[PDB]
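Numbering (PDB author numbering), first residue to last: 4 to 134.
In what follows, a structure is listed as structure tokens, so that the remarks can point back to it.
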Amino acid sequence: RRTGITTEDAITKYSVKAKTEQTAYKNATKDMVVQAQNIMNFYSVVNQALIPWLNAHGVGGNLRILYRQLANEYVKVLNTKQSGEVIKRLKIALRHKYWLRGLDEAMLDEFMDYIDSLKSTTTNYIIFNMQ
DNA sequence: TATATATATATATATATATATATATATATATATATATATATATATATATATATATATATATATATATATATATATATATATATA
């Protein structure tokens, strides 16, 4: 396929596919039931490592989300299968980015030293089983 | 007229039992809307290429599979016309 496509062609696709995309979402519910426990695995392995750190290092209520933004982006980079040779660069990239959004670096050096215990989350939960 | 037995009305308060309204905040249970981002689950659109899966069009030839037309004759299969 190309790239360069007009504004009308994409709108024409999205408008005419409405019936098929909703009758495909109706089957994607059946598929989502068994695959949805990656949510449970994700928040288990993130809260089990961040609730003691945030809770005992002294950060407040509503800044915990900004720290979750940092940790969640790091876990996304992890479970797209990317090991330490890219992580040693994306750690200082994320450090500068969330310093730029108003955090304090006396928290950030300790937090970037802390996030090496977060790992990959998502697995597969549908086996083939031809029998 | 005064009592004992039950059905409802009032007179004026304070109680115990349940149905809903408010007064003003705080909380536990669920349905949705927002504020602002970063995630995990799926439906489609794009940005830009290279892949694997199938539907068709072309580029240029060569080949295996069948449907018909010709080129030039010779022959096996049947339908009819002539020659004598």
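A virtual CB, placed ideally from N, CA and C, is assigned to each residue, including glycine.
Next on the checklist: Taking 8 angstroms as the threshold (C-beta atoms), are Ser120 and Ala52 in contact?
Outcome noted: Going by C-beta atoms, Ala52 is nearer than 8 angstroms to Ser120.
Item to check | Proximity below 8 angstroms, CB of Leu111 to CB of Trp102 | outcome: Yes, the pair counts as a contact, with Cβ atoms nearer than the cut-off.
Checklist entry - Is the beta carbon of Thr125 less than 8 angstroms from the beta carbon of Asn41? => result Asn41 is positioned such that its CB atom lies closer than 8 angstroms to that of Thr125.
Checklist entry - Taking the alpha helix (DSSP H) that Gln38 falls in, what are its first and last residues? => result Here the alpha helix (DSSP H) through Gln38 covers 21 to 38.
Next on the checklist: Going by DSSP in three states, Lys16 sits in which element: helix, strand or coil?
Outcome noted: Assigned with DSSP and collapsed to three states, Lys16 falls in helix.
Checklist entry - Does the distance from the CB of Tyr70 to the CB of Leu97 come in under 8 angstroms? => result No; because the gap between Cβ atoms is not below 8 angstroms, this pair is not in contact.
Checklist entry - Around the C-beta of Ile54, are 16 or more other C-beta atoms found within 10 angstroms, so that it is buried, or is it exposed? => result Flag for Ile54 reads exposed.
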